[PDB]
$ cat target-v4.pdb   # PDB, C-alpha atoms (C1' of nucleotides) and all ligand atoms
ATOM      1  CA  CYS P 127      22.809 -19.533  -4.662
ATOM      2  CA  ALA P 128      22.320 -20.874  -8.197
ATOM      3  CA  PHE P 129      20.271 -17.770  -8.986
ATOM      4  CA  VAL P 130      22.447 -15.061  -7.428
ATOM      5  CA  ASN P 131      26.014 -16.377  -7.761
ATOM      6  CA  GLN P 132      28.540 -16.607 -10.600
ATOM      7  CA  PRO P 133      28.981 -20.154 -11.978
ATOM      8  CA  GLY P 134      32.178 -22.128 -12.564
ATOM      9  CA  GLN P 135      34.022 -20.920  -9.469
ATOM     10  CA  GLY P 136      34.579 -24.552  -8.513
ATOM     11  CA  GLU P 137      35.518 -25.673 -12.022
ATOM     12  CA  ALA P 138      39.263 -25.890 -11.370
ATOM     13  CA  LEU P 139      41.311 -25.119  -8.262
ATOM     14  CA  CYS P 140      45.020 -24.781  -7.451
ATOM     15  CA  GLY P 141      46.650 -27.095  -4.912
ATOM     16  CA  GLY P 142      47.065 -24.187  -2.525
ATOM     17  CA  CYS P 143      43.507 -22.896  -2.515
ATOM     18  CA  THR P 144      42.317 -26.519  -2.296
ATOM     19  CA  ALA P 145      44.406 -27.055   0.818
ATOM     20  CA  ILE P 146      42.920 -23.802   2.120
ATOM     21  CA  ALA P 147      39.429 -24.897   1.072
ATOM     22  CA  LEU P 148      39.923 -28.227   2.861
ATOM     23  CA  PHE P 149      41.129 -26.661   6.111
ATOM     24  CA  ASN P 150      38.320 -24.089   5.983
ATOM     25  CA  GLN P 151      35.745 -26.837   5.476
ATOM     26  CA  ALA P 152      37.245 -28.779   8.373
ATOM     27  CA  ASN P 153      37.185 -25.811  10.758
ATOM     28  CA  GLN P 154      34.844 -22.893  10.044
ATOM     29  CA  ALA P 155      32.404 -24.345   7.502
ATOM     30  CA  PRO P 156      29.192 -26.090   8.611
ATOM     31  CA  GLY P 157      28.880 -28.845   5.998
ATOM     32  CA  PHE P 158      27.933 -31.221   4.867
ATOM     33  CA  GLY P 159      25.058 -32.148   7.162
ATOM     34  CA  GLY P 160      23.589 -35.637   6.974
ATOM     35  CA  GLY P 161      26.007 -38.358   8.005
ATOM     36  CA  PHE P 162      28.837 -35.833   8.245
ATOM     37  CA  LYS P 163      30.208 -34.262  11.412
ATOM     38  CA  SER P 164      32.016 -30.996  12.107
ATOM     39  CA  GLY P 165      34.648 -30.342  14.775
ATOM     40  CA  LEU P 166      36.328 -30.039  17.033
ATOM     41  CA  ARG P 167      34.905 -26.686  18.120
ATOM     42  CA  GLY P 168      31.550 -27.252  16.438
ATOM     43  CA  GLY P 169      29.563 -25.559  13.712
ATOM     44  CA  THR P 170      30.554 -22.080  12.537
ATOM     45  CA  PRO P 171      33.120 -21.293  15.199
ATOM     46  CA  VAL P 172      34.376 -17.707  15.249
ATOM     47  CA  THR P 173      38.117 -17.190  14.928
ATOM     48  CA  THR P 174      39.975 -14.418  16.717
ATOM     49  CA  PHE P 175      43.520 -13.653  15.591
ATOM     50  CA  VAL P 176      45.908 -10.891  16.640
ATOM     51  CA  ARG P 177      47.032  -8.881  13.616
ATOM     52  CA  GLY P 178      50.413  -7.324  12.882
ATOM     53  CA  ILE P 179      51.965  -5.104  10.225
ATOM     54  CA  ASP P 180      53.006  -8.182   8.248
ATOM     55  CA  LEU P 181      51.794 -11.734   7.536
ATOM     56  CA  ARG P 182      54.881 -13.305   9.138
ATOM     57  CA  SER P 183      54.452 -11.187  12.257
ATOM     58  CA  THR P 184      50.737 -12.041  12.302
ATOM     59  CA  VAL P 185      51.292 -15.805  12.127
ATOM     60  CA  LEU P 186      53.929 -15.560  14.843
ATOM     61  CA  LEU P 187      51.705 -13.364  17.032
ATOM     62  CA  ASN P 188      49.065 -16.107  17.042
ATOM     63  CA  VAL P 189      51.477 -18.898  17.965
ATOM     64  CA  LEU P 190      51.462 -20.185  21.542
ATOM     65  CA  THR P 191      54.726 -20.171  23.475
ATOM     66  CA  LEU P 192      55.952 -23.550  24.722
ATOM     67  CA  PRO P 193      55.106 -23.179  28.425
ATOM     68  CA  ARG P 194      51.605 -21.817  27.755
ATOM     69  CA  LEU P 195      51.106 -24.448  25.051
ATOM     70  CA  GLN P 196      51.972 -27.113  27.628
ATOM     71  CA  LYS P 197      49.666 -25.392  30.136
ATOM     72  CA  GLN P 198      46.561 -25.268  27.939
ATOM     73  CA  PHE P 199      47.166 -28.793  26.660
ATOM     74  CA  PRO P 200      48.216 -31.008  29.570
ATOM     75  CA  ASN P 201      50.101 -33.748  27.716
ATOM     76  CA  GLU P 202      49.401 -36.102  30.668
ATOM     77  CA  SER P 203      48.202 -38.749  29.120
ATOM     78  CA  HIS P 204      46.902 -41.596  26.948
ATOM     79  CA  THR P 205      46.974 -38.926  24.248
ATOM     80  CA  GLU P 206      47.516 -39.940  20.643
ATOM     81  CA  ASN P 207      49.381 -37.114  18.927
ATOM     82  CA  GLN P 208      49.128 -38.177  15.300
ATOM     83  CA  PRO P 209      46.921 -36.437  12.693
ATOM     84  CA  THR P 210      43.714 -37.881  11.230
ATOM     85  CA  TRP P 211      45.524 -38.973   8.067
ATOM     86  CA  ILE P 212      48.652 -40.376   9.723
ATOM     87  CA  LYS P 213      46.622 -42.404  12.213
ATOM     88  CA  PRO P 214      42.959 -42.681  11.161
ATOM     89  CA  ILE P 215      39.848 -42.297  13.310
ATOM     90  CA  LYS P 216      37.934 -45.449  14.236
ATOM     91  CA  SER P 217      34.250 -45.502  13.275
ATOM     92  CA  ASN P 218      31.687 -44.803  16.026
ATOM     93  CA  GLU P 219      34.558 -44.239  18.477
ATOM     94  CA  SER P 220      34.021 -42.478  21.806
ATOM     95  CA  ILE P 221      37.002 -40.118  22.005
ATOM     96  CA  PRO P 222      37.627 -38.292  25.303
ATOM     97  CA  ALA P 223      38.563 -34.648  24.626
ATOM     98  CA  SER P 224      41.743 -34.779  26.735
ATOM     99  CA  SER P 225      43.069 -37.713  24.682
ATOM    100  CA  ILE P 226      43.594 -35.515  21.616
ATOM    101  CA  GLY P 227      47.077 -34.150  20.915
ATOM    102  CA  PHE P 228      47.532 -30.442  20.231
ATOM    103  CA  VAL P 229      48.718 -31.593  16.810
ATOM    104  CA  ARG P 230      45.805 -33.965  16.242
ATOM    105  CA  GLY P 231      43.302 -31.336  17.363
ATOM    106  CA  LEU P 232      44.498 -28.411  15.251
ATOM    107  CA  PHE P 233      44.577 -30.473  12.057
ATOM    108  CA  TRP P 234      41.470 -32.475  12.979
ATOM    109  CA  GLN P 235      39.292 -33.367   9.990
ATOM    110  CA  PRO P 236      36.131 -35.502  10.369
ATOM    111  CA  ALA P 237      35.171 -35.002   6.711
ATOM    112  CA  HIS P 238      36.702 -38.315   5.603
ATOM    113  CA  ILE P 239      37.335 -37.293   1.991
ATOM    114  CA  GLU P 240      39.920 -37.875  -0.733
ATOM    115  CA  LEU P 241      41.059 -35.486  -3.459
ATOM    116  CA  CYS P 242      40.464 -36.938  -6.921
ATOM    117  CA  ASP P 243      43.471 -37.103  -9.242
ATOM    118  CA  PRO P 244      44.718 -33.719 -10.562
ATOM    119  CA  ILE P 245      44.715 -32.344 -14.112
ATOM    120  CA  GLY P 246      47.004 -30.150 -16.200
ATOM    121  CA  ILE P 247      47.925 -26.484 -16.485
ATOM    122  CA  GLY P 248      45.431 -23.622 -16.526
ATOM    123  CA  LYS P 249      43.739 -20.721 -14.757
ATOM    124  CA  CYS P 250      42.351 -21.370 -11.280
ATOM    125  CA  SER P 251      38.651 -20.567 -10.974
TER     126      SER P 251
ATOM    127  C1'   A H   1      25.920  -2.450 -18.665
ATOM    128  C1'   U H   2      27.630  -1.434 -11.072
ATOM    129  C1'   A H   3      27.547  -8.109  -5.139
ATOM    130  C1'   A H   4      25.251  -6.338 -11.145
ATOM    131  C1'   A H   5      21.906  -8.847 -14.475
ATOM    132  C1'   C H   6      17.059 -12.066 -15.009
ATOM    133  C1'   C H   7      13.611 -11.072 -10.225
ATOM    134  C1'   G H   8       5.064 -10.813  -6.839
ATOM    135  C1'   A H   9       5.337 -12.369  -0.310
ATOM    136  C1'   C H  10       1.740 -14.814  -1.851
ATOM    137  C1'   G H  11      -3.416 -17.092  -0.790
ATOM    138  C1'   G H  12      -7.969 -17.843   3.251
ATOM    139  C1'   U H  13     -11.236 -14.536   7.389
ATOM    140  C1'   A H  14     -18.943 -10.731  10.462
ATOM    141  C1'   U H  15     -16.394  -8.266  15.879
ATOM    142  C1'   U H  16     -20.530 -10.002  17.347
ATOM    143  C1'   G H  17     -25.337 -10.117  21.147
ATOM    144  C1'   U H  18     -28.190  -6.857  25.904
ATOM    145  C1'   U H  19     -29.006  -1.079  27.621
ATOM    146  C1'   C H  20     -34.521   5.963  29.737
ATOM    147  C1'   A H  21     -29.958  10.050  31.626
ATOM    148  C1'   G H  22     -33.071  10.810  34.773
ATOM    149  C1'   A H  23     -35.745  14.437  38.826
ATOM    150  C1'   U H  24     -35.845  20.579  41.103
ATOM    151  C1'   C H  25     -35.737  26.366  38.996
ATOM    152  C1'   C H  26     -39.446  34.481  37.592
ATOM    153  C1'   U H  27     -34.072  37.450  34.899
ATOM    154  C1'   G H  28     -36.192  40.450  37.869
ATOM    155  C1'   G H  29     -36.442  46.439  39.221
ATOM    156  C1'   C H  30     -35.299  52.427  37.002
ATOM    157  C1'   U H  31     -35.491  55.555  31.482
ATOM    158  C1'   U H  32     -38.654  62.342  26.479
ATOM    159  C1'   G H  33     -34.849  61.451  21.507
ATOM    160  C1'   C H  34     -35.829  66.872  22.255
ATOM    161  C1'   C H  35     -34.411  71.949  19.579
ATOM    162  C1'   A H  36     -34.059  74.731  13.249
ATOM    163  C1'   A H  37     -36.321  74.125   7.782
ATOM    164  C1'   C H  38     -40.732  77.251   0.648
ATOM    165  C1'   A H  39     -39.079  72.477  -3.349
ATOM    166  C1'   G H  40     -38.959  76.389  -6.616
ATOM    167  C1'   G H  41     -35.946  77.668 -11.127
ATOM    168  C1'   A H  42     -37.596  75.234 -15.284
ATOM    169  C1'   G H  43     -42.082  74.230 -21.431
ATOM    170  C1'   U H  44     -36.117  68.608 -23.729
ATOM    171  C1'   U H  45     -39.449  63.863 -23.894
ATOM    172  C1'   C H  46     -36.099  58.786 -26.198
ATOM    173  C1'   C H  47     -38.092  56.074 -31.866
ATOM    174  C1'   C H  48     -41.026  56.013 -36.175
ATOM    175  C1'   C H  49     -45.317  57.838 -39.689
ATOM    176  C1'   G H  50     -48.768  61.775 -42.062
ATOM    177  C1'   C H  51     -49.645  67.270 -42.722
ATOM    178  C1'   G H  52     -47.748  71.838 -41.468
ATOM    179  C1'   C H  53     -43.542  75.132 -40.382
ATOM    180  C1'   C H  54     -40.679  83.074 -37.850
ATOM    181  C1'   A H  55     -45.618  78.775 -35.966
ATOM    182  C1'   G H  56     -46.539  73.506 -34.729
ATOM    183  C1'   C H  57     -51.049  69.754 -35.006
ATOM    184  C1'   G H  58     -51.752  64.804 -34.862
ATOM    185  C1'   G H  59     -51.500  59.067 -35.343
ATOM    186  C1'   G H  60     -48.554  54.561 -33.309
ATOM    187  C1'   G H  61     -44.909  52.258 -29.761
TER     188        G H  61
HETATM  189 ZN    ZN P 301      43.934 -21.099  -7.236
END
$ encode --input "target-v4.pdb" --output "C-alpha cells"
Amino acid sequence: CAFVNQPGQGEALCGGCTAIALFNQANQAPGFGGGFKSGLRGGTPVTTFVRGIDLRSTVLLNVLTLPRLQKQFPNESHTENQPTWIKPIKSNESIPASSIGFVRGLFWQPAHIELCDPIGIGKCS
RNA sequence: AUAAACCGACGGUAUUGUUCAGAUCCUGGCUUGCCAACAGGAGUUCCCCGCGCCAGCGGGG
C-alpha cells in the first residue's frame, strides 16, 4: 500500500465522509484485527441494494415496510433497542442474537473508538 | 508524464540399479539382335632465330 498508493488521503476529513468512513468500518471493513471484533454479519459482508433512477428512490426502495420489518425482527422480547453509544456494550458479554433491536443491530459498532477533536477550515483529503 | 511513476520470484536438487530375440526356408523354368555401307578431297602447322626467296632450306620450343 505504501508503495503503490497516493499519500495524505487520510490527512484531513470532513464530518460527512468521517461518518461514512465510520459506518463503513463498522459494517463492510475487516479491521482492525487483534483485540478488535467485527459485526454483526461478520468480516467483509456483501451488500445487495435495489437501485432506482434517483438516490431518494433508491434509499426508499431498500427500506423495509412495517409489517415485514416486524416479521423479520420479532420484537418479542428482552430486546434492548438502544444503540451502542446510547447504551454501551458490556465487556466480555454473551449477547443472544434475538436480544438485539433492529435499531441496535443496524447501527451496531464494536470498534469502541472516539473521534479526536476537530480542526479548522480547509480542503478534505 | 496515463490506477501512472520508482519496480528480479528468488535461492537449493544423479532418475537410478538387473536383461540373447531367438529357432525353420532353391526364385525356380522358356529366349538370334538380324538385314545396307570407299574415308577420300586436301601440301595451313601455332611462336621465335639464321640464310635464302617467281623458289624455300634449316636450328630451337
Ligand atoms: Zn470530505
$ closest_atom_pairs --input "target-v4.pdb" --of "chain P" --to "chain H" --cutoff "10 Å" --atoms "all atoms listed in the file" --output "Markdown table"
| residue | atom | partner | partner_atom | distance |
| --- | --- | --- | --- | --- |
| P:129 | CA | H:6 | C1' | 8.9 |
| P:130 | CA | H:3 | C1' | 8.9 |
| P:131 | CA | H:3 | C1' | 8.8 |
$ write_last_selection --input "target-v4.pdb" --atoms "C-alpha atoms" --output "CSV table (one decimal), keeping the file's coordinate frame"
chain,number,residue,atom,x,y,z
P,129,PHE,CA,20.3,-17.8,-9.0
P,130,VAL,CA,22.4,-15.1,-7.4
P,131,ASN,CA,26.0,-16.4,-7.8
$ residues_near_ligand --input "target-v4.pdb" --ligand "ligand ZN 301 (chain P)" --cutoff "6 Å" --atoms "all atoms listed in the file" --output "list in words"
residues 139, 140, 143 and 250 of chain P
$ write_last_selection --input "target-v4.pdb" --atoms "C-alpha atoms" --output "PDB file, keeping the file's coordinate frame"
ATOM      1  CA  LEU P 139      41.311 -25.119  -8.262  1.00  0.00           C
ATOM      2  CA  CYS P 140      45.020 -24.781  -7.451  1.00  0.00           C
ATOM      3  CA  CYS P 143      43.507 -22.896  -2.515  1.00  0.00           C
ATOM      4  CA  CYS P 250      42.351 -21.370 -11.280  1.00  0.00           C
TER       5      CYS P 250
END
$ atom_distance --input "target-v4.pdb" --atom1 "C1' of residue 2 in chain H" --atom2 "CA of residue 127 in chain P"
19.8 Å
$ atom_distance --input "target-v4.pdb" --atom1 "CA of residue 149 in chain P" --atom2 "CA of residue 193 in chain P"
26.6 Å
$ atom_distance --input "target-v4.pdb" --atom1 "CA of residue 208 in chain P" --atom2 "CA of residue 229 in chain P"
6.8 Å
$ residues_around --input "target-v4.pdb" --residues "range 167-175 of chain P" --least-positions-apart "6" --cutoff "6 Å" --atoms "only C-alpha atoms (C1' of nucleotides)" --output "list in words"
residues 154, 155 and 156 of chain P
$ resolve_selection --input "target-v4.pdb" --expression "the PyMOL selection byres (((chain P and resi 212-224) around 12) and not hetatm)" --output "MDAnalysis selection string"
chainID P and resid 161 163 165:167 198:211 225:231 233:238
$ axis_aligned_box --input "target-v4.pdb" --around "range 181-185 of chain P" --padding-each-side "6 Å" --output "AutoDock Vina command-line options"
--center_x 52.8 --center_y -13.5 --center_z 9.9 --size_x 16.1 --size_y 16.6 --size_z 16.8
$ residues_around --input "target-v4.pdb" --residues "residue 141 in chain P" --least-positions-apart "3" --cutoff "12 Å" --atoms "all atoms listed in the file" --output "number ranges by chain"
P: 138, 144-148, 241-247, 250-251
$ resolve_selection --input "target-v4.pdb" --expression "the PyMOL selection byres (((chain H and resi 61) around 12) and not hetatm)" --output "ChimeraX atom specification"
/H:46-49,59-60
$ decode --input "target-v4.pdb" --residues "range 6-21 of chain H" --atoms "C-alpha atoms (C1' of nucleotides)" --output "PDB file, in the first residue's frame"
ATOM      1  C1'   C H   6      10.068   4.276  -8.730  1.00  0.00           C
ATOM      2  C1'   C H   7       9.670  -1.636  -9.536  1.00  0.00           C
ATOM      3  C1'   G H   8      14.180  -9.633 -10.090  1.00  0.00           C
ATOM      4  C1'   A H   9      10.087 -14.511  -7.950  1.00  0.00           C
ATOM      5  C1'   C H  10      14.104 -15.500  -5.906  1.00  0.00           C
ATOM      6  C1'   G H  11      17.699 -19.497  -3.908  1.00  0.00           C
ATOM      7  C1'   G H  12      18.810 -25.479  -3.122  1.00  0.00           C
ATOM      8  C1'   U H  13      18.420 -30.833  -6.271  1.00  0.00           C
ATOM      9  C1'   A H  14      22.083 -38.149 -10.318  1.00  0.00           C
ATOM     10  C1'   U H  15      16.473 -40.837 -12.113  1.00  0.00           C
ATOM     11  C1'   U H  16      18.965 -44.526 -10.547  1.00  0.00           C
ATOM     12  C1'   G H  17      20.354 -50.495 -10.432  1.00  0.00           C
ATOM     13  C1'   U H  18      19.263 -56.070 -13.451  1.00  0.00           C
ATOM     14  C1'   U H  19      18.199 -58.065 -19.098  1.00  0.00           C
ATOM     15  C1'   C H  20      20.400 -63.345 -26.293  1.00  0.00           C
ATOM     16  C1'   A H  21      15.239 -62.063 -29.871  1.00  0.00           C
TER      17        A H  21
END
